[PDB]
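**Q** First portion of the complex, with coordinates as positioned in the assembly:
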Amino acid sequence: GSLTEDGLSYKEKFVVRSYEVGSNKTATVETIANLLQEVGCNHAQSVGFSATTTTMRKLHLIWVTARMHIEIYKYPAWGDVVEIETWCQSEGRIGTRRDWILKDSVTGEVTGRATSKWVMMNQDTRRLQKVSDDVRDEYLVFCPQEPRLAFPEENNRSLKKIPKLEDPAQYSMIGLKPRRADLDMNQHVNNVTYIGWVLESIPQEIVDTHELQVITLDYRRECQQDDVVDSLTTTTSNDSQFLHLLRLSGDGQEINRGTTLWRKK
């Protein structure tokens, strides 16, 4: 991987592995989500981040994902090379946005795109705080000044409000627990695990007959290493749509909400 000529974005090629593909011999949405995370970390590394700034480490501040939105047109096949370009942009004091474009390395065609909203939080108290001016300037030199959006469309699906699923859910997968492979280097549950847990309540018949086109996920609260999760799905719709909810198995405390859009094979 390498920063582009202008130094304002990062590109990386990946060869799709055998264990990274599903029944269609193409990469799963969790494999894609892992590759976006990987290219995102390599971009921060390439511009001097061990992605916390000098001031953030001092104040015990971290960047946390609030929303993730992925749209896939063609999932890469096992053995294919996928090129991913990523960049960040500040969206005022609300936080930052990280965008990705996935391309077929051979043809150059856009096979997918993604966007994410990040907010500043104290690692210890978990309290959100707006981006201070001194923090903002530290990372403005690594972002393009003019707007550059993976989702520029007038009324695009990446900014739609997500409602709360009402009980009874149509489908459910109960008692989901993270294992050590689900934890990152800081022993927190990886953001990608929640995508897999959302998809666990989709019936196998939808998975076998449809392709996942769009997934939007809101992150409300993190699942601890010793927490148990319940995954809920209700159909909201030639295309299938679902409303999703992740909540703590005990008191029913919300951890995530989302929607998926599937198209017939």
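**A** Thanks, I have it. Numbers count the residues shown, from 1 in each chain, chains lettered A, B, ... in the order given.
**Q** how about the strands in the stretch 151-265 of chain A?
**A** Taking DSSP state E, counting those that start in this stretch to define them, one finds strands in the stretch 151-265 of chain A at A:171-176, A:210-219, A:229-235, A:239-248, A:254-264.
**Q** Any chance of the ones you listed in CSV with mean neighbour count and distance to residue A:32 as columns?
**A** Using the backbone N, CA and C atoms, a C-beta is placed for each residue, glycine as well. What follows is those, written out as CSV (neighbours: other Cβ atoms under 10 Å; distance: least, Cβ to Cβ, whole Å):
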stretch, mean neighbour count, distance to residue A:32
strand A:171-176, 15, 21
strand A:210-219, 20, 10
strand A:229-235, 21, 20
strand A:239-248, 20, 18
strand A:254-264, 19, 14
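**Q** Surely residue A:17 is in contact with residue A:80?
**A** No - Residue A:17 lies out of contact with residue A:80 (Cβ atoms under 8 Å); the separation is 10.7 Å.
**Q** quick one: which of the two has more around it?
**A** residue A:80 (18 against 11; other Cβ atoms under 10 Å).
**Q** OK, contacts around the nearest residue to the more buried one once chain neighbours are set aside?
**A** Excluding its sequence neighbours, the residue lying closest to residue A:80 (Cβ to Cβ, 6 or more residues apart in numbering) is residue A:16, at 5.3 Å. Residues counted as contacts of residue A:16 (Cβ atoms under 8 Å, 6 or more residues apart in numbering) are A:26, A:27, A:31, A:76, A:77, A:78, A:79, A:80, A:81, A:82.
**Q** for the fifth one, phi and psi?
**A** Pointing back at residue A:77 there. Main-chain dihedrals, residue A:77, degrees, to the nearest 10: phi -80, psi 160.
**Q** Likewise for the third one?
**A** Main-chain torsions, residue A:31, degrees, to the nearest 10: phi -70, psi -40.
**Q** What is the burial count for the nearest residue to residue A:20 once chain neighbours are set aside?
**A** Using Cβ to Cβ, 6+ apart and skipping residues adjacent in sequence, the residue nearest residue A:20 is residue A:31, 4.1 Å away. Look at residue A:31: counted by other Cβ under 10 Å, it has 21 neighbours.
**Q** How about the one 5 residues further on?
**A** Neighbouring residues of residue A:36 were enumerated by other Cβ under 10 Å; the total is 23.
**Q** Residue A:221 now?
**A** For residue A:221, the neighbour count with other Cβ under 10 Å is 14.
**Q** quick one: it from residue A:253, how far?
**A** 7 Å (Cβ to Cβ, to the nearest Å).
**Q** just residue A:197 next, same as before
**A** 15 Å.
**Q** Please identify which of these two sits among more neighbours.
**A** Counted by other Cβ under 10 Å, residue A:197 and residue A:253 do not tie: residue A:197 has more neighbours, with 23 against 12.
**Q** So the more buried one is in contact with residue A:245, correct?
**A** No - contact criterion Cβ under 8 Å: residue A:197 and residue A:245 do not qualify, at 10.8 Å.
**Q** Residues in contact with both of the two, list them for me.
**A** Joint contacts of residue A:197 and residue A:245 (Cβ under 8 Å, 6+ apart) are A:231, A:256.
**Q** which ones are touching the residue most central in space within chain A?
**A** For chain A, residue A:68 is the residue whose C-alpha lies nearest the centre (Cα atoms, centre = their mean; 4.0 Å). Residues in contact with residue A:68 (Cβ under 8 Å, 6+ apart) are A:33, A:114, A:115, A:116, A:191, A:195, A:215, A:216, A:217, A:219.
**Q** List the residues that contact the fourth one.
**A** Neighbouring residues of residue A:116 by Cβ under 8 Å, 6+ apart: A:65, A:67, A:68, A:69, A:97, A:98, A:99.
**Q** Turn these into CSV, including secondary structure.
**A** Listed next are the contacts of residue A:116 as CSV, based on DSSP: H, G, I helix; E, B strand; the rest coil:
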residue, secondary structure
A:65, strand
A:67, strand
A:68, strand
A:69, strand
A:97, strand
A:98, strand
A:99, strand
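**Q** let's put chain B on the structure above:
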Amino acid sequence: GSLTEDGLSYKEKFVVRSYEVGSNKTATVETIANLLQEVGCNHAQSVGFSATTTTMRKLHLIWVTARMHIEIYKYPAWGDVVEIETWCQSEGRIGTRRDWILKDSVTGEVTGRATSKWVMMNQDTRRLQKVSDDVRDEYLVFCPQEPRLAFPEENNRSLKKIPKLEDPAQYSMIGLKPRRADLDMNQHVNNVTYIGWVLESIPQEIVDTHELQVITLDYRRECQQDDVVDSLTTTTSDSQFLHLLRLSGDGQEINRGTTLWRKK
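**A** Following on from the chains above, chain B is added here:
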């Protein structure tokens, strides 16, 4: 990746990813096990296997792992390149062996080694069969003739008999279920998932203060997509543990193993 000059082994370089490392910023044993699987599949692909031969497909025969043994000296750090060399050898009618050598791409030093025993099974009836002779010859041309062992030392850990853990276990992790990410392209539970499930019953105190040096795992039965698993561990000792994976209901055995850990 590419076959070596003699065409009798395969090499591949891998850069360790951010999500592939644990709390020590080094690759987990499941990441290593995934890379061995990846280099093993790329080797079969490079020699014409689209690793069943054309005769095996006609008979509905597959290769199944019976035993896995991994020894790690140094886990690669996040961002490092690891070079893995793999090869196969026939071990008579019992089955085939696949071996691996892991090296630091920068220094050339051996950082780990692995071995696995594979047996021929009918995919439908699940009945174990000898490799026959017409099937033998089809893949003998891709293996070295003289012995080439990742574990040559007479009386080594990779061939030691594994006993069955007696109840009550010292530690346990119950109700383990596979999710879709745990399944391979054929909707079977990936053989790497069982390693993660074995390690789930090791106390976090051992993981935080020790490094996993050796792991030997016997595969007795596959866990179905809708099965629930119980993971059991008892200390037998450096720390040593005896492991057992069994079906959450009737207690039907799926795996047995041992681990060896060294103080950091």
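**Q** ok chain B is loaded, check the neighbour count of residue A:31 again?
**A** The number of residues packed near residue A:31 is 22, by other Cβ atoms under 10 Å in any protein chain shown.
**Q** Close to chain B: what parts of the stretch 1-150 of chain A are there?
**A** Contact residues, the stretch 1-150 of chain A versus chain B (Cβ under 8 Å from any Cβ of the partner chain): A:17-19, A:21-23, A:25, A:28, A:30, A:34, A:37-38, A:41-42, A:45, A:78-79.
**Q** Filter the residues you listed down to the ones in helices?
**A** Among the residues of the stretch 1-150 of chain A next to chain B, DSSP state H puts A:30, A:34, A:37, A:38, A:41, A:42, A:45 in helices.
**Q** List buried members of the residues of the stretch 1-150 of chain A next to chain B by neighbour count.
**A** For these, a neighbour count by 16 or more other Cβ atoms under 10 Å in any protein chain shown gives the buried set as A:17-19, A:21-22, A:28, A:30, A:34, A:37-38, A:41-42, A:45, A:78.
**Q** Farthest pair within those?
**A** Among those, the pair separated by the greatest distance (Cβ to Cβ) is A:22 and A:45, at 29.6 Å.
**Q** Where does the record place the domain boundaries for chain A?
**A** Chain A resolves into domains spanning A:2-158, A:171-264 when parsed by automatic domain parsing.
**Q** can I assume residue A:257 is in contact with residue A:160?
**A** No - the pair residue A:257 and residue A:160 does not pass the contact test of Cβ under 8 Å, sitting 11.8 Å apart.
**Q** thinking again about what came up before, out of the domains of chain A, nearest to residue A:164?
**A** domain A:171-264 (6.3 Å).
**Q** what's the distance between residue A:105 and chain B?
**A** Using Cβ to the nearest Cβ, to the nearest Å, we find residue A:105 at a distance of 17 Å from chain B.
**Q** hey, where'd the helices end up in the stretch 51-200 of chain A?
**A** For the stretch 51-200 of chain A, the helices defined by DSSP state H, counting those that start in this stretch occupy A:54-59, A:133-140, A:191-199.
**Q** burial count for the closest residue to residue A:150 other than its chain neighbours?
**A** Nearest non-adjacent residue to residue A:150, counting by Cβ to Cβ, 6 or more residues apart in numbering or on different chains: residue A:99, 3.9 Å away. The number of residues packed near residue A:99 is 21, by other Cβ under 10 Å.
**Q** beta partners for residue A:99?
**A** residue A:87, residue A:115 (DSSP bridges).
**Q** how near is it to chain B?
**A** Distance from residue A:99 to chain B, by Cβ to the nearest Cβ: 19 Å.
**Q** Residue A:174 reaches residue A:247, doesn't it?
**A** No - at 10.7 Å, residue A:174 does not count as touching residue A:247 under the criterion of Cβ under 8 Å.
**Q** who touches both of these two?
**A** Common neighbours of residue A:174 and residue A:247, counting by Cβ atoms under 8 Å, 6 or more residues apart in numbering or on different chains, are residue A:230.
**Q** so which strand or helix has residue A:13?
**A** strand A:10-15 (DSSP states H and E).
**Q** ok, that strand: who's next to it in the sheet?
**A** Strand pairing for strand A:10-15, determined by DSSP bridges: strand A:2-3 (antiparallel), strand A:81-90 (antiparallel).
**Q** number of nearby residues for residue A:98?
**A** Neighbour tally, residue A:98, other Cβ under 10 Å: 24.
**Q** Buried ones in stretch A:92-105, by neighbour count?
**A** A:95, A:96, A:97, A:98, A:99, A:100, A:101, A:102, A:103, A:104.
**Q** my guess is the first one contacts residue A:66, does it?
**A** So that's residue A:95. Yes - taking Cβ under 8 Å as the contact criterion, residue A:95 and residue A:66 are neighbours in contact, 7.2 Å apart.
**Q** Please identify every residue contacting each of those two.
**A** A:117, A:118, A:119.
**Q** Return the distance of the last one relative to chain B.
**A** Which is residue A:119. For residue A:119, the distance to chain B - Cβ to the nearest Cβ - is 21 Å.
**Q** residues contacting the closest residue to that residue other than its chain neighbours?
**A** Excluding the flanking residues, the one nearest residue A:119 by Cβ to Cβ, 6+ apart is residue A:95, at 4.2 Å. For residue A:95, the contact set (Cβ under 8 Å, 6+ apart) comprises A:63, A:66, A:117, A:118, A:119, A:120, A:131.
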